[PDB]
Amino acid sequence: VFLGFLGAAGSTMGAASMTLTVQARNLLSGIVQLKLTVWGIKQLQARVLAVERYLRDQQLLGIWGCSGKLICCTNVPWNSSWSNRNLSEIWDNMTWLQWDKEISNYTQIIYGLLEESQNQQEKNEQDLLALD
Amino acid sequence: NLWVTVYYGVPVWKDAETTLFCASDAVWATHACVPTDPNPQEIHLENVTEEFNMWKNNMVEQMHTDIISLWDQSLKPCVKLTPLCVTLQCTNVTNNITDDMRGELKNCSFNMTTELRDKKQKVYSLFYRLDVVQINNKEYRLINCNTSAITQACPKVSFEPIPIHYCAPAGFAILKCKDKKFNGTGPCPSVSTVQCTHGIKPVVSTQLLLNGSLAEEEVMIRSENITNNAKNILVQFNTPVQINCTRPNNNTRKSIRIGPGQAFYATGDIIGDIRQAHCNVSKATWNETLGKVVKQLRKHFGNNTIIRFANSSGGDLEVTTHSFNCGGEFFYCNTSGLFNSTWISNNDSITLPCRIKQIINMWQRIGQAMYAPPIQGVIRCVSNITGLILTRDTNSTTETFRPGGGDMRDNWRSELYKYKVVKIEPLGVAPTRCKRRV
Amino acid sequence: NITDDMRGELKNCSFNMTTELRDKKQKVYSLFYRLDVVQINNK
Ligand SMILES: *[C@@H]1O[C@H](CO)[C@@H](O[C@@H]2O[C@H](CO)[C@@H](O[C@@H]3O[C@H](CO[C@H]4O[C@H](CO)[C@@H](O)[C@H](O)[C@@H]4O)[C@@H](O)[C@H](O[C@H]4O[C@H](CO)[C@@H](O)[C@H](O)[C@@H]4O)[C@@H]3O)[C@H](O)[C@H]2NC(C)=O)[C@H](O)[C@H]1NC(C)=O
Ligand SMILES: *[C@@H]1O[C@H](CO)[C@@H](O[C@@H]2O[C@H](CO)[C@@H](O[C@@H]3O[C@H](CO)[C@@H](O)[C@H](O)[C@@H]3O)[C@H](O)[C@H]2NC(C)=O)[C@H](O)[C@H]1NC(C)=O
Ligand SMILES: *[C@@H]1O[C@H](CO)[C@@H](O[C@@H]2O[C@H](CO)[C@@H](O[C@@H]3O[C@H](CO)[C@@H](O)[C@H](O)[C@@H]3O)[C@H](O)[C@H]2NC(C)=O)[C@H](O)[C@H]1NC(C)=O
Ligand SMILES: *[C@@H]1O[C@H](CO)[C@@H](O[C@@H]2O[C@H](CO)[C@@H](O[C@@H]3O[C@H](CO)[C@@H](O)[C@H](O)[C@@H]3O)[C@H](O)[C@H]2NC(C)=O)[C@H](O)[C@H]1NC(C)=O
Ligand SMILES: *[C@@H]1O[C@H](CO)[C@@H](O[C@@H]2O[C@H](CO)[C@@H](O[C@@H]3O[C@H](CO)[C@@H](O)[C@H](O)[C@@H]3O)[C@H](O)[C@H]2NC(C)=O)[C@H](O)[C@H]1NC(C)=O
Ligand SMILES: *[C@@H]1O[C@H](CO)[C@@H](O[C@@H]2O[C@H](CO)[C@@H](O[C@@H]3O[C@H](CO)[C@@H](O)[C@H](O)[C@@H]3O)[C@H](O)[C@H]2NC(C)=O)[C@H](O)[C@H]1NC(C)=O
Ligand SMILES: *[C@@H]1O[C@H](CO)[C@@H](O[C@@H]2O[C@H](CO)[C@@H](O[C@@H]3O[C@H](CO)[C@@H](O)[C@H](O)[C@@H]3O)[C@H](O)[C@H]2NC(C)=O)[C@H](O)[C@H]1NC(C)=O
Ligand SMILES: *[C@@H]1O[C@H](CO)[C@@H](O[C@@H]2O[C@H](CO)[C@@H](O[C@@H]3O[C@H](CO)[C@@H](O)[C@H](O)[C@@H]3O)[C@H](O)[C@H]2NC(C)=O)[C@H](O)[C@H]1NC(C)=O
Ligand SMILES: *[C@@H]1O[C@H](CO)[C@@H](O[C@@H]2O[C@H](CO)[C@@H](O[C@@H]3O[C@H](CO)[C@@H](O)[C@H](O)[C@@H]3O)[C@H](O)[C@H]2NC(C)=O)[C@H](O)[C@H]1NC(C)=O
Ligand SMILES: *[C@@H]1O[C@H](CO)[C@@H](O[C@@H]2O[C@H](CO)[C@@H](O)[C@H](O)[C@H]2NC(C)=O)[C@H](O)[C@H]1NC(C)=O
Ligand SMILES: *[C@@H]1O[C@H](CO)[C@@H](O[C@@H]2O[C@H](CO)[C@@H](O)[C@H](O)[C@H]2NC(C)=O)[C@H](O)[C@H]1NC(C)=O
Ligand SMILES: *[C@@H]1O[C@H](CO)[C@@H](O[C@@H]2O[C@H](CO)[C@@H](O)[C@H](O)[C@H]2NC(C)=O)[C@H](O)[C@H]1NC(C)=O
Ligand SMILES: *[C@@H]1O[C@H](CO)[C@@H](O[C@@H]2O[C@H](CO)[C@@H](O)[C@H](O)[C@H]2NC(C)=O)[C@H](O)[C@H]1NC(C)=O
Ligand SMILES: *[C@@H]1O[C@H](CO)[C@@H](O[C@@H]2O[C@H](CO)[C@@H](O)[C@H](O)[C@H]2NC(C)=O)[C@H](O)[C@H]1NC(C)=O
Ligand SMILES: *[C@@H]1O[C@H](CO)[C@@H](O[C@@H]2O[C@H](CO)[C@@H](O)[C@H](O)[C@H]2NC(C)=O)[C@H](O)[C@H]1NC(C)=O
Ligand SMILES: *[C@@H]1O[C@H](CO)[C@@H](O)[C@H](O)[C@H]1NC(C)=O
Ligand SMILES: *[C@@H]1O[C@H](CO)[C@@H](O)[C@H](O)[C@H]1NC(C)=O
Ligand SMILES: *[C@@H]1O[C@H](CO)[C@@H](O)[C@H](O)[C@H]1NC(C)=O
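Chains as they are written, first to last, in the working numbering: chain A, 29 to 160; chain B, 14 to 451; chain C, 783 to 825.
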């Protein structure tokens with residue numbers, strides 16, 4: 029069922045995952061459509077910042093070997109120190125906003141391993157499987 | 014065991030400021046602006062709650078400075094009135110004897126430089142005594158000439174407030190609470206979101222708020238700090254209070270070619286119903302609404318206190334009286350006729366005397382000034398009073414309140430409190446039972 | 783200070799200056815360095 033932009037924002041993370049694309053589209057949006065003038069360089073600046081805003085994180089997903097995004101798995105195990113809750117305590121009983129409230133503390137820390145571990149090791153390995 | 018799983022398109026956001034841009038339909042300053050959608054979208058968000066804070070909402074700051082920028086840009090390509098700064102030879106104007114009008118204008122004459130830079134021309138024009146001042150018939154001076162230069166507003170451009178919509182760029186969301194209750198800040202049980210804001214007219218006024226939005230339920234009292242009388246109070250009405258203001262002067266525009274090339278619009282002659290401009294207010298309506306306001310006040314000060322209303326502390330006319338624009342003309346009205354009452358412990362119509370100025374200073378800004386051209390013919394208009402800008406004045410019962418203003422960011426804030434801007438963060442991660450194979 | 787070690791270097795110049803009252807002018811004065819000004823053609 030089509031809910032609308034951010035229509036699942038007020039639901040559990042499990043439920044919300046159903047309709048990530050409805051949001052995804054408008055993360056970059058597009059369209060929009062005497063010189064200078066007020067707004068003359070503001071629509072300019074804003075529309076630019078939108079593009080940068082998008083790609084800055086998209087590239088990270090490019091690095092984190094997935095690309096086929098919205099959702100993908102890794103080979104990095106979850107450290108229990110990063111909010112030790114059960115799946116039903118998390119996915120079936122918590123919104124994404126509530127999630128960030130806690131996990132945001134380890135953002136860069138987790139990014140470390142995502143930015144690396146697998147990306148490093150998945151490769152070489154393959155290069156070696158190509159030996160024969 | 015659980016693993017790190019990567020998610021994208023996550024419905025989360027952080028409070029953040031970015032560069033907003035306008036939209037409005039397809040006069041004032043708006044043309045270079047993206048047309049609005051024929052179907053503005055929205056969506057109520059269920060289970061979503063969070064805090065608002067109108068007192069730190071930087072949307073106001075941007076809007077304020079943007080409007081200022083627009084103002085200047087609309088004047089640069091217009092005619093400068095630099096050579097008007099000359100000694101004026103002025104005399105009283107014999108209005109219908111004896112003297113009810115008090116003159117208020119002088120039949121000034123002066124040697125003016127014309128298109129023929131060389132031979133000058135003795136001309137005349139009617140000026141308000143609020144615009145000119147005696148030097149040292151008698152000699153007079155345009156008041157602006159002691160502070161800065163003055164520019165004539167183009168006769169083609171208008172000042173009619175036009176509904177403007179604000180939009181955020183992709184990655185940013187416009188959040189809008191629909192909660193009819195709001196203290197000025199805190200959590201809202203009922204939050205929605207929109208593509209863009211509703212049309213807001215850039216109405217400049219002091220003391221009284223005009224042509225704004227209406228409140229639901231009861232009268233709304235909002236203040237950064239009610240107990241702190243160094244702050245002020247925003248009052249939003251529930252029902253439009255009609256005010257009808259008139260300038261009964263079918264006057265002409267003896268335009269004078271003080272070139273070269275560029276033309277000046279002087280004041281011709283004043284004929285017709287020589288009465289002072291004034292405003293008409295429905296008295297019973299005012300009394301009724303004021304009472305509703307006092308009810309609120311009772312609710313934040315006690316069920317055994319006394320409420321008195323009075324005029325300002327005086328001083329700068331711009332703050333002392335109610336200033337507003339109608340059709341290009343600038344009015345200054347004595348709101349003592351409104352703000353003069355009291356309430357205990359637990360037609361009819363009102364006439365408000367007004368004055369007309371032609372030299373004005375916007376947004377408390379010094380260093381420049383703008384000359385309003387006289388508008389030909391009788392000028393009369395009507396608007397909706399939709400709120401008050403009040404200030405809080407042996408402190409155990411009787412309290413006195415009075416009208417203020419000055420800082421016009423207050424006006425924008427009186428509307429934008431319904432909105433806030435947040436930055437979406439699409440990228441998130443979470444623990445999920447999944448080990449990824451090659 | 784007599785006699786003359788400073789060599790002057792500045793002149794006590796005066797002139798009919800246009801003021802805010804574009805019309806009646808005002809005789810004023812100002813000290814200028816002789817590196818800034820040059821004789822035309824007191825002088
Ligand atoms: C503030 O300015 C506004 C305009 O901006 C003025 O608005 C007027 O307000 C009054 C009160 O609401 C309106 O008067 C009422 O109009 C009714 C209809 O009038 C028109 O239609 C009739 C036929 O139906 C014509 O005869 C008439 O010429 C109009 O064309 C009348 O039906 C009403 O009459 C009844 O009430 C009056 C008393 O108010 C009685 O005398 C009658 O006998 C009868 O019982 C009434 O006149 C008026 O129409 C509004 N004008 C407009 C433009 O909408 C406010 O008056 C003004 N306030 C100030 C202080 O000036
Ligand atoms: C908004 O939050 C409310 C809770 O505050 C969520 O309410 C849940 O709504 C659904 C739909 O009405 C209910 O699900 C239905 O429950 C019955 C019985 O359990 C089951 O037979 C149906 O198959 C269905 O699941 C759910 O019980 C109800 N929860 C509670 C606490 O009453 C709603 O889901 C929230 N919306 C968002 C987008 O998260
Ligand atoms: C511009 O208007 C001014 C008045 O606002 C006119 O001023 C007049 O200027 C002349 C020249 O300076 C004055 O004339 C001289 O007066 C003295 C004494 O009366 C007399 O001795 C001289 O022979 C000579 O006439 C005149 O008095 C002065 N008027 C006043 C009111 O001060 C000026 O003429 C105007 N210019 C134009 C083009 O009309
Ligand atoms: C305001 O001052 C102006 C001058 O700055 C006065 O202008 C005078 O206005 C009257 C009416 O337009 C003119 O009178 C008419 O002149 C013609 C020709 O001389 C004559 O045929 C008519 O019988 C009539 O008198 C008068 O000439 C004009 N003066 C000039 C200098 O143009 C006006 O009177 C002043 N108003 C006040 C209340 O004093
Ligand atoms: C709302 O703003 C008002 C004023 O802007 C704040 O009032 C201030 O409240 C404190 C606590 O009652 C007063 O501090 C006390 O003052 C006495 C004398 O100066 C001193 O002896 C104490 O050590 C203490 O500092 C303060 O004077 C009072 N200010 C005024 C103008 O009366 C109130 O705190 C504000 N509320 C919010 C939430 O910030
Ligand atoms: C608002 O209305 C009040 C009256 O309700 C006006 O009060 C007047 O305020 C001025 C300034 O404080 C007082 O003027 C001063 O009076 C003393 C003595 O007469 C004199 O020595 C000073 O030179 C000066 O004029 C005035 O007396 C006071 N009136 C009364 C009745 O107390 C105030 O002017 C009003 N504001 C507006 C914008 O009209
Ligand atoms: C706004 O309108 C009010 C009337 O609605 C005007 O009130 C007048 O205010 C002045 C200053 O408070 C009063 O003048 C003082 O009166 C006493 C006694 O007559 C005299 O002793 C003082 O020397 C001084 O003149 C005046 O009486 C008062 N008028 C009435 C009807 O109470 C006020 O002037 C208005 N403001 C504007 C800008 O016109
Ligand atoms: C501005 O300063 C200049 C000097 O730097 C003043 O010049 C004076 O101008 C008047 C008018 O051109 C001259 O007066 C005429 O002189 C002749 C001969 O002395 C006499 O025949 C006439 O009756 C008349 O007085 C005057 O000589 C000249 N001074 C010099 C030094 O050349 C001018 O007056 C100043 N303006 C202001 C407003 O003070
Ligand atoms: C530089 O030239 C200026 C004029 O451009 C000369 O100005 C003169 O300065 C003196 C000292 O400030 C003034 O003298 C005083 O005048 C008052 C009133 O006349 C008198 O009460 C005092 O006893 C004293 O004399 C003089 O008036 C002023 N002149 C003018 C035109 O304002 C200054 O003297 C020049 N310096 C050199 C080294 O020549
Ligand atoms: C999970 O990450 C935490 C840090 O977030 C690691 O914590 C270390 O734990 C050991 C054992 O208690 C201590 O010696 C270290 O000093 C802790 N580090 C800090 C920052 O407190 C823990 O090692 C991590 N587990 C995995 C498997 O790497
Ligand atoms: C113009 O008329 C005004 C009155 O409308 C006169 O005002 C007088 O001005 C003098 C100087 O300021 C005061 O001494 C008087 O008290 C003022 N009268 C009043 C009623 O306030 C002024 O004199 C008039 N000018 C002409 C040339 O007659
Ligand atoms: C610039 O002119 C204004 C008047 O146009 C002068 O304002 C006066 O300022 C003093 C001091 O604040 C007040 O006593 C007067 O009441 C003011 N007059 C008015 C009309 O408000 C100001 O003094 C002038 N500046 C210069 C340098 O002369
Ligand atoms: C004054 O505000 C009132 C709202 O209280 C406006 O009322 C609208 O009036 C027109 C004409 O009768 C109707 O078409 C609308 O449906 C009314 N709105 C509602 C909420 O009832 C009126 O437009 C306002 N006037 C000004 C000049 O804006
Ligand atoms: C002031 O007194 C009034 C009654 O005169 C109180 O009114 C109550 O207000 C609350 C909030 O609106 C309602 O829940 C009650 O039902 C009202 N009572 C009645 C009689 O209507 C109000 O509580 C009083 N304020 C103070 C501080 O005590
Ligand atoms: C303030 O408004 C009151 C009415 O609310 C005015 O009261 C008048 O006051 C004078 C002096 O006491 C009396 O002559 C009148 O009869 C009073 N009117 C009534 C309705 O009682 C008072 O004039 C107002 N003040 C201002 C400055 O306008
Ligand atoms: C994990 O959930 C189980 C029930 O599924 C519960 O027994 C245990 O308490 C939970 N974890 C936490 C930290 O309590
Ligand atoms: C995250 O840690 C910061 C201090 O680094 C702290 O202020 C905040 O409370 C922490 N959040 C969690 C959920 O403990
Ligand atoms: C306003 O009406 C209230 C009663 O609702 C009354 O107490 C007060 O006297 C009224 N004011 C006017 C001017 O009649």
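Yeah, the Cβ is synthetic: ideal placement off N, Cα and C, and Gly gets one too.
Three-state class that DSSP yields for residue i in the structure shown
i, result
"B/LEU365", "strand"
"B/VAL136", "strand"
"B/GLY274", "coil"
"A/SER45", "helix"
"B/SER37", "coil"
"C/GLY790", "coil"
"B/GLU152", "strand"
"B/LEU227", "coil"
"B/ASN397", "strand"
"B/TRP84", "helix"
"A/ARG53", "helix"
Residue range of the unbroken beta strand (DSSP E) whose run includes residue i
i, result
"B/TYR430", "Here B/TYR430 belongs to no beta strand (DSSP E), and DSSP marks it neither H nor E."
"B/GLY441", "440-445"
"B/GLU30", "Careful: B/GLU30 lies outside any beta strand (DSSP E) and carries neither H nor E."
Option in the options with minimal Cα separation from residue i
i, options, result
"B/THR318", "B/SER326, B/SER325, B/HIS335 and B/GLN309", "B/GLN309"
"B/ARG235", "B/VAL451, B/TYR430, B/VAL435 and B/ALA36", "B/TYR430"
"B/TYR179", "B/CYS201, B/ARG393 and B/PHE34", "B/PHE34"
"B/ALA385", "B/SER326, B/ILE379, B/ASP113 and B/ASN374", "B/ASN374"
"B/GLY212", "B/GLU237, B/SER205 and B/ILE177", "B/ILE177"
"B/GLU128", "B/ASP112, B/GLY274, B/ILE110 and B/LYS214", "B/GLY274"
"B/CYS258", "B/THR206, B/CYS367 and B/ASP144", "B/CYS367"
Beta-carbon proximity of residue i to residue j, cut-off 7 Å
i, j, result
"A/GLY42", "A/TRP119", "yes"
"B/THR100", "B/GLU152", "yes"
"B/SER161", "B/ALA323", "no"
"B/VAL442", "A/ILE138", "yes"
"A/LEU62", "B/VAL25", "no"
"B/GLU55", "B/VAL207", "yes"
"B/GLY418", "B/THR219", "yes"
"residue 452 of chain B", "B/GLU64", "Past the boundaries of the shown model lies residue 452 of chain B; chain B is included only from 14 to 451, so the question cannot be answered."
"B/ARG449", "A/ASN103", "yes"
Cβ distance (whole Å) where residue i is taken to contact residue j below 8 Å
i, j, result
"B/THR302", "B/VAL254", "6 Å"
"B/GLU74", "B/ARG378", "Not really, about 16 Å apart at Cβ, beyond 8 Å."
Residue range of the unbroken alpha helix (DSSP H) whose run includes residue i
i, result
"A/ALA74", "70-91"
"B/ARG311", "296-311"
"A/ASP128", "124-131"
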